[PDB]
Amino acid sequence: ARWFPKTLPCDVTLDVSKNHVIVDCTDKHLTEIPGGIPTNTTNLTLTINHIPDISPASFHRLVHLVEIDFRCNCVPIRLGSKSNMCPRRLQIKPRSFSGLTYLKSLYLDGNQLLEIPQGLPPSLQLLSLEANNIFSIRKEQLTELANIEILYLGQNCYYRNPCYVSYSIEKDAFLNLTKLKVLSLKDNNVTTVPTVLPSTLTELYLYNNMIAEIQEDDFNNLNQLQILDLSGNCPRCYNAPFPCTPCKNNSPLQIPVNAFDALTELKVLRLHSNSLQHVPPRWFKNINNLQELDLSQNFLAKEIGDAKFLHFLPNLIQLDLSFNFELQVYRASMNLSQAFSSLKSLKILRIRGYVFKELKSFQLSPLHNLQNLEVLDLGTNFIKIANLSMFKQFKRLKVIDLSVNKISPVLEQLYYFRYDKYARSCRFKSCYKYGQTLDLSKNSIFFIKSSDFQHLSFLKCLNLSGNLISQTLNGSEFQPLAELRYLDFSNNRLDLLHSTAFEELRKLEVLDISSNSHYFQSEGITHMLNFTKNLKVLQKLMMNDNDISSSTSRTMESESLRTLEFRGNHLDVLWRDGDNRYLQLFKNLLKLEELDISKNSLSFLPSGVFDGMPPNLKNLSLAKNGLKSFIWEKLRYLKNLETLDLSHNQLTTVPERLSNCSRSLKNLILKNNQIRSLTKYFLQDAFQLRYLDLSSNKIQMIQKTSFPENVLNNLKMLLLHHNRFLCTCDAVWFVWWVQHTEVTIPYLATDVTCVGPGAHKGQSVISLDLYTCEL
Amino acid sequence: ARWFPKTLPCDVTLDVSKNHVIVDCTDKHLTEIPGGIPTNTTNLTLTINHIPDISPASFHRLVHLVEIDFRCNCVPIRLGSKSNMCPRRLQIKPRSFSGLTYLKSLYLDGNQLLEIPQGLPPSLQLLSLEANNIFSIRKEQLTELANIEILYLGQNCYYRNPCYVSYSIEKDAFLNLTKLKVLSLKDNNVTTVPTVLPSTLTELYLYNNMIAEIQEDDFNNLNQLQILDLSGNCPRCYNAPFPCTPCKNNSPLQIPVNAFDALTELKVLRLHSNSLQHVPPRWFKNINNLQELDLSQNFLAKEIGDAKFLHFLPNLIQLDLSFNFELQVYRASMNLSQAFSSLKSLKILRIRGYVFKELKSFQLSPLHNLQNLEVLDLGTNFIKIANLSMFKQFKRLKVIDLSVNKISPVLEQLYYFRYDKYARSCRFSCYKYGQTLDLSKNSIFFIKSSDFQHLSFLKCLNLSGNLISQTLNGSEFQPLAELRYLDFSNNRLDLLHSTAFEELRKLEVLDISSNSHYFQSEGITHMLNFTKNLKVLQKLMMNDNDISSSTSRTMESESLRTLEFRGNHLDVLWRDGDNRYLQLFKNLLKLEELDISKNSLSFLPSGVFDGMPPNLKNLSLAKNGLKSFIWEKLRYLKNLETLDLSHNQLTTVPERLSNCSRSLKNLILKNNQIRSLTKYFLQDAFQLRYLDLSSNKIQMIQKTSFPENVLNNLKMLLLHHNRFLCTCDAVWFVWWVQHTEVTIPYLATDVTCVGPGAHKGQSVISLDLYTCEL
RNA sequence: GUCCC
RNA sequence: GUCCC
Ligand SMILES: *[C@@H]1O[C@H](CO)[C@@H](O[C@@H]2O[C@H](CO)[C@@H](O)[C@H](O)[C@H]2NC(C)=O)[C@H](O)[C@H]1NC(C)=O
Ligand SMILES: *[C@@H]1O[C@H](CO)[C@@H](O[C@@H]2O[C@H](CO)[C@@H](O)[C@H](O)[C@H]2NC(C)=O)[C@H](O)[C@H]1NC(C)=O
Ligand SMILES: CCCCc1nc2c(N)nc3ccccc3c2n1Cc1ccc(CN)cc1
Ligand SMILES: CCCCc1nc2c(N)nc3ccccc3c2n1Cc1ccc(CN)cc1
Ligand SMILES: *[C@@H]1O[C@H](CO)[C@@H](O)[C@H](O)[C@H]1NC(C)=O
Ligand SMILES: *[C@@H]1O[C@H](CO)[C@@H](O)[C@H](O)[C@H]1NC(C)=O
Ligand SMILES: *[C@@H]1O[C@H](CO)[C@@H](O)[C@H](O)[C@H]1NC(C)=O
Ligand SMILES: *[C@@H]1O[C@H](CO)[C@@H](O)[C@H](O)[C@H]1NC(C)=O
Ligand SMILES: *[C@@H]1O[C@H](CO)[C@@H](O)[C@H](O)[C@H]1NC(C)=O
Ligand SMILES: *[C@@H]1O[C@H](CO)[C@@H](O)[C@H](O)[C@H]1NC(C)=O
Ligand SMILES: *[C@@H]1O[C@H](CO)[C@@H](O)[C@H](O)[C@H]1NC(C)=O
Ligand SMILES: *[C@@H]1O[C@H](CO)[C@@H](O)[C@H](O)[C@H]1NC(C)=O
Ligand SMILES: *[C@@H]1O[C@H](CO)[C@@H](O)[C@H](O)[C@H]1NC(C)=O
Ligand SMILES: *[C@@H]1O[C@H](CO)[C@@H](O)[C@H](O)[C@H]1NC(C)=O
Ligand SMILES: *[C@@H]1O[C@H](CO)[C@@H](O)[C@H](O)[C@H]1NC(C)=O
Ligand SMILES: *[C@@H]1O[C@H](CO)[C@@H](O)[C@H](O)[C@H]1NC(C)=O
């Protein structure tokens, strides 16, 4: 169907709207720019390769380039792979870019460059030099950048990439970059704000440096500035998981009261980890548009109880005051200033790491009439006491987050303590939707009763994951939660003695009781898995990793359940050969469409398992079972089966004729098995098939009878990589078909490979020339 | 060093004291008996193979066989592999055993046999026919067994191997087996005790059958019987994890009051799962020697409060009354009869599954003066309340077991609920420190010193699997002045204070594994230098804690010999460019064993090895995804004896091992990506004694890499599952493997050529390379 | 591949 | 293969 096979080891995409020819060679183990890149290429990505040099030959024919992404072909040693260290810094010979008359974006991050590359064309708008070894900025090296708008220079001198000196910037180095809008000098050992900066700046990043003082005129001319980040100058170093040097004498970053007066457009001010003890109101006199203020990791514990500056912030959207606790102090309560009541626009308030014992309703009163408040984050506070009923005054909120506390009767897991939360990777550049969420995960709740939730009937999602709840539920414990749609009960010690557990939650749509294995791990104890009958609108049930090997009831029943996750249990024991009692465990889940019984140690499936499946089953996973055999003809019982996942097993054969096993099957996943050959008529007349994964098997040969053309051209995707293809003359049809097909087959360039014979070992089949088979 | 390579795919051993030649072909994927078995073989084991028949040719030459173990060459379908099902039952041709004039033991279990094989020699003492399809025993088929002493016929008719009829035994079938001592008819669908049995019987196994009634004379003549097991006749079926049919009408197994009167020698009586509601004292009138009584899984809840029969058991050593609870009843307390006080000899008492809310000191008083009592097991009782101080009255005990309860302020994990605890396979802990209180798997959320009042005698305390989410500061275990072992795993320890555990001044072993909770939340203080105060601590386990951060930079101890640090995040702690924790273990000055496997260490930053403590002997770096390894840094480890690098991604070995470590004895490199050895790999590495290179991708090994003066002082050399290329370049290695005295496992099954073409899949031990010498 | 799984 | 790991 193709006349010219594509052999370039890069993905090529056409977006004819934007006249873009997109060539993506990311992570192709290239040691040179491959030949044959399209002459019309506009976006070329070569990030993560080991191309040791650039020269005028590099992009000779590619005059239409608007973007070159040439990152991380020589990453600094501590930042890069230790198994494939870059032996030499990238070399850029003269004139490699001056021909690129339309080049607007150049990324040379992560190449151990020692200087700002010269000869760049005046069309350039974005230059990125992060994670190089450039630590002295001279005005002369910048004259070439007259039209630059975006300039990334950070991560060139810090602990993961040291330069052993202070960063140097010549006076007015940037002043004549009259279009410069974004300047990033983060993570660079900078000691002062460089001046004078061009007044076109909209975003200025100076965080993670060694700036001890702001001069009162450092930002005098920046009347267009919208984002300013000075964080991590005079850091708060307690429990830092990176080497951290504080300013002497516990001093804060010193900011004159009038330092921000020019910044009338400022929307984002980030003052994280500046060891601040006070926030002067005078800072915000002329900033009336501020929307985001980060004051986390300072020493503002007492200031939070005073906080006059909040009176100047009526348009603030987000406020972060996390991790301001005084060292070795466990306060009795949280003292929030009445001034918080003037934050009329506030949507998001975070005060993690304040560290206090008892939360009481009146302490949140400054927040009662914040009418736009959506998120209240009081996580990681070691709170021991909290009457949850107090949140009856907060029904307008979307998320109340008390995660990680000690209460008893979506940010990354590293967030406040990582070095640079916004740093780029070499590679690239949850129940809230249900309604009001109370997040009590990772607390010390050992026993629950109905009155714990009094006045919380508005809740839609309750997260109790990771508490200590070791209790037989009998339907009395959640009685006030009449509107709850989602309960996360995972990582507790549920004791399913009663089939009435959870039945008070009459609107429940999703229940997670995964990782409640404790009572399932002790022999002779009663478990009622038929508790589903009472939950009349339950759509999704997760009971993964419960180690379930026994059940007192023999059937689960539901008129509503659509999805059951049963991964990580012991159906192999429940379905012990000769024991027929549980072969219909799921049969009466009459609306069940999705069943995950992967990781159940099912080395074989006893007869009756498929007949015992509920009638509308569409999506079945049997992955990661150590399955060693499979009677494909039993799929005939699964009359609505569309997706079958058999990945990561030990199958050695496929059925003689897939179409004779299932008339409905669309998606067949067989990756990571032990298959060495296909049957002669494998896919004959399998007209419903749309997706086939045979990757990571041991296939040597595929003949045309197995893969008829009228089935292949209906496939959305066919995965074949990481097999054991033998590239002899017996393989001519398969090699020809692979080279010429339009069917999507991923990894042709790197993992659809010959293992033999001798000559062709390690060769991609897409490049294979078999003319000698036709002489 | 050998003149004749052994190519027989079986292990052959000589024990010349007993004139035994032991040939073990277990699980060799054989489809025939191999030729060339030693003519002098006395023990031949062929278990787990697919040999479809036996004939006079089978053992022609093996006149000296005393034992044939030919089990499981055709196992019943529900018991056997579904990926390699046996297609047809083992065929035994006539005259196959009659020549075996010295044969004393024949195991034919698991072969789908339909009848008792005939033509067996008169020397036979033991015959085993378990897991076949023999369900009718006729006296004529047993005449050949005149001299038999041990006869195993069980598992021929039960739910994993049905016969669809009742088992049949002819009247007096066994009577003329005048030397028969052990008879097992378990798991067989038997409906009555077969009579008359020979009076030589010492052991009679009739459990897991369908016997509804004992006749008063069923055991009349059995005056030598020492073990009788009638369990699982009229089973208690509640929560049975196997298909279970109870006797009709809720009846127990019906046993007349005098049924045991002849059994004067009886030592073991097993009446597990007989749905008994009463235990008549009259049963034990004439049994004065009984030592073991199993009454678990009956309905004896009310009998336990009465139990007059215990007065007749002054020599009982072991008593099991577990799982006798009444259905749907949660008793307030445990009512133990005073009659328990007459069990003068009792060492072991187990009452799991009695099911009661509150354990109370006076409830145990009948046990106060049982002076040989060693184990009290009250696990799985859903006890909510128990003052632990009550065990001040039980300091003589070795184990107090309250595991699996709900207390708050060594039997397998399947035991009382498995179908047959004693069934055979086809193929075949802190008590030692002293008084042990097992509180594992309860609901303890908070501990304080008074919880342990009067328990200073305890040597081992098990708190694993509780709910303890608490900062310890050294005040919580003050009375436990003698404790040597604390299992604190699977809780939520909060190491805020470096004074944690310092009150346990006799502590030698501390397990705080799987206390990851407080370690996985960022910004929290953790004091890993808490070891400094524990002056006699030998072993510390802190596996699976997800430790990625620490407030202190060094752990210190003068005593610790063993640290288990598996399943943490030293990769994050030792982030490249952060030097602060590179001496975390340096000041564990007596540390000999360090397990830092499963730490995501894809590389080791420079300084990790210099930071190791000086006496390190045994280092595991397994399961780290290690991609590179600067072998020369092993020079820092001057006492290193064992290095475990298994399950990583290493691709090379050092150019010269001897230049990396003068001390290294054991190098484990299995499951890596090594494709070739360096030219002089083991040159002059005379200290090396154990080398595991299995499951790599080695194609070729030459003598320069593997000098012989090093190889033959190796206790073991593991090479299986590689990618050996068997060309004429391999002539030295093939010869050396064929002729070496060094132990190399799996030669018969996984030391294999992958090429070239001709030799693919061929064992290197069988390889003939004469064409390389033409 | 008799119990486990 | 810049932050994660
Ligand atoms: C940031 O700059 C400081 C100096 O301003 C560097 O510190 C010097 O480091 C050298 C070599 O490590 C020492 O010999 C000097 O004594 C240091 N000088 C001072 C004034 O402390 C520091 O190394 C730089 N940081 C990074 C990450 O490169
Ligand atoms: C044990 O023996 C009983 C009979 O005593 C078997 O039960 C019969 O089984 C067949 C086939 O399942 C039925 O058609 C009969 O109706 C049954 N009869 C009665 C009276 O139950 C039973 O199958 C045997 N058990 C085993 C494990 O083989
Ligand atoms: C060995 C006992 C098997 C049956 C069982 N299972 C459980 C269980 N999963 N949780 C319990 C929790 C508290 C008390 C008893 C049980 C219990 N029990 C005992 C029990 C169950 C039910 C009742 C009636 N509420 C009384 C007692
Ligand atoms: C964001 C807090 C980091 C420091 C820290 N770590 C912990 C910890 N591991 N457990 C605690 C348990 C209770 C109270 C406070 C802490 C605590 N804290 C705060 C704290 C620690 C110590 C003290 C003095 N007892 C008071 C307060
Ligand atoms: C291509 O490059 C241009 C110029 O920098 C950029 O605006 C655009 O987003 C890029 N598109 C893709 C798909 O890489
Ligand atoms: C809260 O703290 C502020 C400042 O420390 C103080 O003005 C105020 O009185 C305190 N309020 C309470 C209730 O402690
Ligand atoms: C919690 O507050 C609610 C609502 O104000 C009140 O009804 C209840 O008494 C309080 N509960 C406790 C245990 O203090
Ligand atoms: C509940 O919180 C846990 C623990 O933080 C989290 O992993 C989980 O995704 C949350 N569940 C939902 C449904 O948001
Ligand atoms: C359920 O248990 C709760 C808590 O023990 C109790 O208040 C209630 O009486 C029980 N209800 C039923 C119907 O058993
Ligand atoms: C669940 O099954 C048990 C029988 O094992 C029965 O007692 C109970 O009533 C059932 N419950 C429901 C809700 O079906
Ligand atoms: C089938 O279910 C799996 C969950 O295991 C899901 O990830 C996948 O997208 C589903 N596929 C289809 C085609 O619905
Ligand atoms: C499978 O193929 C045979 C032969 O064409 C046909 O008789 C049979 O009905 C088919 N079965 C199914 C389930 O398609
Ligand atoms: C060898 O066979 C004899 C005869 O049954 C037996 O007594 C002995 O224990 C067996 N030893 C081994 C190691 O198989
Ligand atoms: C403590 O009990 C646990 C849980 O039953 C068990 O796994 C562990 O081996 C015990 N510890 C010791 C030291 O015996
Ligand atoms: C440790 O905590 C206990 C618990 O209340 C307390 O009695 C004791 O004073 C504390 N010890 C120290 C040294 O702080
Ligand atoms: C452990 O280190 C911390 C500081 O990192 C110190 O406060 C504490 O006293 C030390 N404790 C011991 C036992 O060394």
Side-chain angles (χ1 to χ4, degrees), chain A residues 26-27 47-50 71-86 107 109-112 128-132 152 154-156 158 160-161 186-187 241-242 413-415 418-428 549 570 572-573 576-577 600-603 626, chain B residues 26-27 47-50 71-86 107 109-112 128-132 152 154-156 158 160-161 186-187 208 241-242 413-415 418-427 548 569 571-572 575-576 599-602 625:
Chain A
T26 298
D27 192 23
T47 180
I48 306 168
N49 286 295
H50 309 80
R71 288 145 60 218
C72 304
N73 275 245
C74 190
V75 167
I77 302 303
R78 304 165 146 83
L79 295 170
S81 171
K82 253 60 60 162
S83 56
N84 194 8
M85 283 180 251
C86 178
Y107 297 84
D109 319 78
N111 293 303
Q112 292 186 38
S128 199
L129 295 161
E130 300 188 330
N132 284 299
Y152 295 116
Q155 283 172 259
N156 277 249
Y158 71 121
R160 315 250 294 132
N161 183 26
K186 67 178 190 172
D187 315 340
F242 50 85
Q413 77 283 324
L414 205 65
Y415 186 88
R418 69 175 67 179
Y419 175 75
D420 181 355
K421 89 167 56 76
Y422 307 102
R424 214 189 275 156
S425 76
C426 276
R427 181 143 214 128
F428 280 110
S549 70
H570 277 291
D572 69 314
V573 180
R576 170 86 75 242
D577 208 356
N600 266 267
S601 303
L602 295 158
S603 72
Chain B
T26 297
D27 189 25
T47 311
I48 306 166
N49 285 294
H50 304 265
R71 289 146 60 219
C72 303
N73 274 245
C74 190
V75 47
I77 190 180
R78 307 166 179 80
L79 295 173
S81 168
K82 255 61 60 162
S83 55
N84 198 6
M85 286 177 254
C86 177
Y107 296 86
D109 319 80
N111 290 302
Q112 290 186 37
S128 198
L129 295 162
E130 301 189 332
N132 283 300
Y152 295 115
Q155 281 171 260
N156 277 249
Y158 71 118
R160 313 249 293 129
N161 181 25
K186 69 179 189 175
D187 317 341
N208 287 334
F242 48 85
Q413 68 315 316
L414 208 65
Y415 187 88
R418 65 171 67 181
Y419 174 74
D420 180 353
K421 306 207 312 269
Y422 305 102
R424 215 188 276 157
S425 74
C426 275
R427 189 141 217 129
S548 67
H569 274 292
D571 70 311
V572 180
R575 170 85 72 243
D576 210 358
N599 265 268
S600 306
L601 296 160
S602 72

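Both backbone and side-chain heavy atoms feed into the values below; hydrogens, waters and symmetry mates do not. So you know, we letter chains A, B, ... as the sequences are listed, proteins then strands, and number each from 1.
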Rounded distance in Å - CG (B/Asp420) to P (C/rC5): 13 Å
Minimum-distance nucleotide to A/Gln413 side chain [options: C/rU2, D/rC4, D/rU2]: D/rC4
Parallel, tilted or perpendicular, as decided by the 30° and 60° cut-offs, for the rings of A/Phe242 and A/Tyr419: perpendicular
Closest-nucleotide 5' rank along RNA chain C - winner of B/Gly110 and A/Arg576: B/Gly110
Which residues share a side-chain contact (heavy atoms from CB on, under 4.5 Å) with A/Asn49, sequence neighbours left out: A/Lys28, A/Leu30, A/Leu46, A/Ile51, A/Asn73
Distance, rounded to the nearest Å, where B/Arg427 contributes CZ and C/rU2 contributes P: 10 Å
5' precedence on RNA chain C between A/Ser601 and B/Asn49 (nearest-nucleotide basis): B/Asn49
Sugar-phosphate, base or nothing in reach of B/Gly80, heavy atoms under 4.0 Å: sugar-phosphate
Nucleotide nearest A/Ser81 when distance is taken to its side chain, options D/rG1, C/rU2, D/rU2: D/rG1
Minimum-distance nucleotide to A/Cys72 side chain [options: D/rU2, C/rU2, C/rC4]: D/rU2
N/O (side chain, B/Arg418) to phosphate O (OP1/OP2, C/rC5) under 4.0 Å: no
Given D/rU2, C/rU2, D/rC5, the nucleotide with the shortest approach to the side chain of A/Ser425: D/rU2
Residues in side-chain contact (heavy atoms from CB on, under 4.5 Å) contact with B/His50, at least two apart in sequence or another chain: B/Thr31, B/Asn84
Nucleotide nearest A/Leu79 when distance is taken to its side chain, options D/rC4, D/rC3, D/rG1: D/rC3
Closest listed nucleotide, where the reference is the side chain of B/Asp109 and the choices are D/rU2, C/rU2, C/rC3: C/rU2
Gap between atoms CG and P, on B/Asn73 and C/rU2 respectively (whole Å): 13 Å
Among C/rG1, D/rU2, D/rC5, the nucleotide that comes nearest once only the side chain of A/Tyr158 is considered: D/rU2
N or O in side chain of B/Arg78 less than 4.0 angstrom from C/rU2 OP1/OP2: no
Rounded interatomic separation in angstrom, taking NZ from B/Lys421 and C1' from C/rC3: 11 Å
Interatomic distance where CG belongs to A/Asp187 and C1' belongs to D/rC3 [whole Å]: 10 Å
Sugar-phosphate only, base, or nothing, as touched by A/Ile48 at under 4.0 Å among non-hydrogen atoms: base
Integer-rounded Å distance: C/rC3 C1' and B/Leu414 CG: 10 Å
B/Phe242 CZ - C/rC5 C1' separation (whole Å): 17 Å
Given D/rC3, C/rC5, C/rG1, the nucleotide with the shortest approach to the side chain of B/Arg160: C/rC5
Closest non-hydrogen atom pair, A/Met85 against A/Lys82: CE-O, 3.3 Å
Residue pair A/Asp109 / A/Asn132: nearest heavy atoms and the distance that separates them: CA-ND2, 3.8 Å
Sugar-phosphate, base or nothing in reach of A/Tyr419, heavy atoms under 4.0 Å: sugar-phosphate
Non-hydrogen atoms of A/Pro76 and A/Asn161 that approach each other most closely: CB-OD1, 3.5 Å
Whole angstrom value for the distance that separates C1' of C/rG1 from CG of B/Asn132: 13 Å
Nearest-nucleotide pick for A/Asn84, side chain only, options being D/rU2, C/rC5, D/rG1: D/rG1
